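**Q** these chains are from a complex, not moved at all, and more is on the way:
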Amino acid sequence: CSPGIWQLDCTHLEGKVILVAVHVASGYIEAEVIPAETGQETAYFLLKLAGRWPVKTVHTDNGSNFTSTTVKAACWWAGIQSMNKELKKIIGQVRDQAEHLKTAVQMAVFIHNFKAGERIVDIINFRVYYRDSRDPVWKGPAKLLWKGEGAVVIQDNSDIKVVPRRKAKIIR
Amino acid sequence: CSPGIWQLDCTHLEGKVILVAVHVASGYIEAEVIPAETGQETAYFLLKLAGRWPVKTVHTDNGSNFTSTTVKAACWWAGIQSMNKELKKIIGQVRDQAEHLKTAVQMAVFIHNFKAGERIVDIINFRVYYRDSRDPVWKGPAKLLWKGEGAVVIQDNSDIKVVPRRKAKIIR
Amino acid sequence: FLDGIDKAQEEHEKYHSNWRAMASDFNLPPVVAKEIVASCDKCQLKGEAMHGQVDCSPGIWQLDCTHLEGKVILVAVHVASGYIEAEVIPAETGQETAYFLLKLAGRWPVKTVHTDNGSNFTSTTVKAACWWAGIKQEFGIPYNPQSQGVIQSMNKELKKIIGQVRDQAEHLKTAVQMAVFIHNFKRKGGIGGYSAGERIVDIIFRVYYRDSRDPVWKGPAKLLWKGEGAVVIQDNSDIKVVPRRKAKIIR
């Protein structure tokens, strides 16, 4: 399965439109209140996802807010049911926790996604970059010997060093 | 003779006061238009000379603009006839070269002093400080081998260098 | 001690000479000279001449607004990856920000937020939001924008990119998110030549001071705490933080 696959959909909760994209190969969901059915806010949404995640393909239907040529232009520049009802039920749960609907929408997206994030992380030994005291230069690839909590044990070419986590970054 | 010796005097050309100090041991003269006879502009004048040259002693008379205690306070904080007539005659010469009198006063002081400056310089081998290109750090004592015009020939510990005069200073 | 000291203190208290002047002139050593200088109150203005280092942890997210074409942009940043979550705010208030942090928690793992003491970010609405989301609300010094420095630089580049692609839109918010696309996925460099999605996915006494835009350095105050970059002090039960560039310590 491919990573750049997004399935689109929309519902009409409280008589208000909600537009949702779903990472198929992880089931990872982002749903946002669209004020009005049109290609404008749609292309705004795919433009957000475009710069929020690496889109390559959107799967969708013949709705007028999707066949709008603004979609094709913004996308040219740019290059599931059970989930809809999952978020529907969760929205039903936390509707009374927040007055505005859009709030509880993002609360349901939060609940589903974290309470799929580490799934997309799973879709896509270690090297460490660090800073000493009073020397804002970032330092070379440091061989991670151990990752601790609040401190980390690195090795450069001649010095096994302690560094607090507030001055380190660990990248493959 | 001592360097910090200044003789004071004043005249009244065009019915306007002019106050003059004279370096005795060089005859070096600074004369300035004082608007009014008082210790205020007087102490202003000795306060200028105090920060314009290293005064130690002023020789003067019992005039009221001099016995004013403002003089003694500003001075506490701070720590010839033929010249008066010399500048008088020169002022007579260049009076028609400038409308305002104060102007021609400073023109006469200019004429006398440069047309005594190098005398006070005479009252009080070489070391050179320099800057390279794109390195605003000032550099060490460089043994002057020759002083040229527009360039200078220096020696540091291992490099006899050319430097243009726009990037050099020569101090004993 | 030596009458040179007394006349050095009269000299100093009339002219506020430096330590080399009194030292060489009155034939004194540099230490007691620096003790006469350091005994003075007025001469002690300049600070320590050193920046710090912002905390660079995965769970941190900088946050700040800016201004353009009459509109108020809000900008969220990841400290490590340089990633962006930017959007337009129709009119700045705290509720819309709280909705934005809810938007940023529902997409990205947030643990704590480091921004300034602006109006919004102290409201109660934001507090309830980061409370619900398990996010810790951190603040910094008021008049030390460099404490947020990371995000500030982003605005520059963000505005820079808007200089390039403003002719590709009839509206602002579009070009904003376009710039976000460019910076996060299409530009590369820094760490190992990654774009911000690649990085973000790879990771996942007497103390004188001034404040208040007041160049009048403050009188002696009682040092409470010393860290690395800022300090905490007391001037008549006035407990306050100061960054070291804006402060001086007298041991």
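**A** Thanks, I have it. Numbering: from 1, shown residues only, chains lettered A, B, ... in the order given.
**Q** Let me see the contact set for residue 166.
**A** Just going to use chain A. Going by C-beta atoms under 8 Å, 6 or more residues apart in numbering or on different chains, residue A:166 touches C:53, C:55, C:56, C:57. Every C-beta, even on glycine, is put in place using the N, C-alpha and C of the backbone.
**Q** Correction: the question concerned chain C.
**A** Contacts of residue C:166 (C-beta under 8 Å, 6+ apart): residue C:175.
**Q** measure it to residue A:50 for me?
**A** Distance of residue C:166 to residue A:50, given as C-beta to C-beta, to the nearest Å: 18 Å.
**Q** How is chain A divided into domains?
**A** A:4-124, A:126-172 (CATH domains of a matching chain).
**Q** what about the first one, start to end distance?
**A** I take that to be domain A:4-124. 11 Å (C-alpha to C-alpha, to the nearest Å).
**Q** Please convert the domains of chain A to a markdown table, extending it with distance to residue C:143.
**A** Supplementary listing: the domains of chain A in a markdown table, determined by distance: least, C-beta to C-beta, whole Å:
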| stretch | distance to residue C:143 |
| --- | --- |
| domain A:4-124 | 33 |
| domain A:126-172 | 21 |
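**Q** And for the residue in chain C that chain A sits nearest to, the neighbour number?
**A** Chain C approaches chain A most closely through residue C:181 (3.4 Å), counting by C-beta to the nearest C-beta. Residue C:181 has 25 neighbouring residues, counting by other C-beta atoms under 10 Å in any protein chain shown.
**Q** Further, place chain D onto the existing structure:
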Amino acid sequence: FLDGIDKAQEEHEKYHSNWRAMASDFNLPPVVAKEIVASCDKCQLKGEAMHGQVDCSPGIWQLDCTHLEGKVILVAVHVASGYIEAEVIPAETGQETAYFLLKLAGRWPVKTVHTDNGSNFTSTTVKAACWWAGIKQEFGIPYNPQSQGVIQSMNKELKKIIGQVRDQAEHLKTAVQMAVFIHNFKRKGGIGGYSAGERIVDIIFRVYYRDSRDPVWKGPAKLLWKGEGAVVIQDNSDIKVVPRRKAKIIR
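**A** Just below you will find chain D, in place on the chains above:
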């Protein structure tokens, strides 16, 4: 050449990617990448990232005004010795300045003056004055205060010293000349620990640019001359100087 180049130019002309992005993405070398980047107009904003070095000759004297307590101070400086000739101006105009330069020529050997294109220093009165005194009137760039940089720093220290000794006067001009005394004779350091009287007596293509406080970098223009620090250019018979920090050259 290679269709990768064409799609790199479409890519670039839609997103304005940098050279590493196009290079690594479309599997190209860095040189032609930097040629696509350098072929673009919009991306070419930033300049050369380097300061110069002001001419430090004995016969030079910096000159500039400043503002304090509603009054306008005038400040003359020697570049080498750090010496000062400061005074208050009752109300800034060119004639009073010309009288001041006459005052500074009658006390100190002047050969040439380096200041800015302010109103006064271009008037004819000053020209007649430095004409009579054998003094050469030099100017600098308008919107590059660092070209006078020396004198600017003096104002800081001068104002700093006025912070220390303003309670020793009923008038401003007094405290001004007091500060002059302190800085020139009583403070020491720098060269070898001298005060300014000791030192002063010891001595004695396609080029894009911006100006006019306009962050819109300018279109291609024809380089006329290259020195060390600034350059001279032509945009449709618009002969003008630009400092290198505010300019970029395309070979």
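**Q** now with chain D: the neighbour count of residue C:181?
**A** Residue C:181 has 26 neighbouring residues, counting by other C-beta under 10 Å.
**Q** what does residue C:153 give?
**A** Count around residue C:153 with other C-beta under 10 Å applied: 12.
**Q** Next: residue C:119.
**A** Other residues lying near residue C:119 total 10 when counted by other C-beta under 10 Å.
**Q** cool, residue C:116 as well?
**A** Neighbours around residue C:116, by other C-beta under 10 Å: 21.
**Q** Which residues are in contact with residue C:142?
**A** Counting by C-beta under 8 Å, 6+ apart, residue C:142 has contacts C:116, C:117, C:211.
**Q** Quick check, the first one in contact with residue C:149.
**A** No: between residue C:116 and residue C:149 no contact is recorded; they are 11.2 Å apart, counting by C-beta atoms under 8 Å.
**Q** ok so, going back, closest one to residue B:66 out of the contacts of residue C:142, please.
**A** Using C-beta to C-beta, residue C:211 comes nearest to residue B:66 of the contacts of residue C:142, at 49.0 Å.
**Q** Setting aside sequence neighbours, what's the nearest residue to that closest one?
**A** residue C:143 (6.1 Å; C-beta to C-beta, 6 or more residues apart in numbering or on different chains).
**Q** do residue C:120 as well
**A** Using C-beta to C-beta, 6+ apart, the closest residue to residue C:120 is residue C:94 (4.2 Å).
**Q** what's the distance between the helix or strand harbouring residue A:65 and the middle of its chain?
**A** Applying DSSP states H and E as the criterion places residue A:65 in helix A:64-67. Distance of helix A:64-67 from the chain centroid (C-alpha atoms, centre = their mean, to the nearest Å) equals 24 Å.
**Q** add one more, call it DNA strand E:
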DNA sequence: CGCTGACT
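**A** Putting DNA strand E together with the chains above:
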């Protein structure tokens, strides 16, 4: 409801 001060 003012409104203050506090930071932006």
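**Q** now with DNA strand E: the neighbour count of residue C:181?
**A** If you count neighbours by other C-beta under 10 Å, residue C:181 ends up with 26.
**Q** what about the residue of chain A found nearest DNA strand E, is that helix, strand or coil?
**A** Proximity of chain A to DNA strand E (C-beta to the nearest atom of the strand) peaks at residue A:99, 19.5 Å away. Secondary structure assignment for residue A:99 (DSSP: H, G, I helix; E, B strand; the rest coil): coil.
**Q** can you tell me which residues contact it?
**A** No contacts exist for residue A:99 under C-beta under 8 Å, 6+ apart.
**Q** Identify the bridge partners of residue C:189.
**A** On the basis of DSSP bridges, residue C:189 is bridged to residue C:194.
**Q** How about the secondary structure of residue A:112?
**A** Going by three-state DSSP: residue A:112 is helix.
**Q** what are the ranges of the strands in the chain?
**A** Reading this off chain A. A:5-11, A:18-23, A:28-33, A:57-59, A:127-130, A:142-147, A:151-155, A:160-164, A:168-171 (DSSP state E).
**Q** Correction: the question concerned chain C.
**A** C:60-68, C:71-78, C:84-89, C:112-114, C:136-138, C:206-209, C:222-226, C:230-234, C:239-243, C:247-250.
**Q** Excluding chain neighbours, what is closest to whichever residue of chain A sits closest to chain C?
**A** Nearest residue of chain A to chain C: residue A:51, at 3.4 Å (C-beta to the nearest C-beta). Leaving out its chain neighbours, the residue that sits closest to residue A:51 by C-beta to C-beta, 6+ apart is residue C:181, at 3.4 Å.
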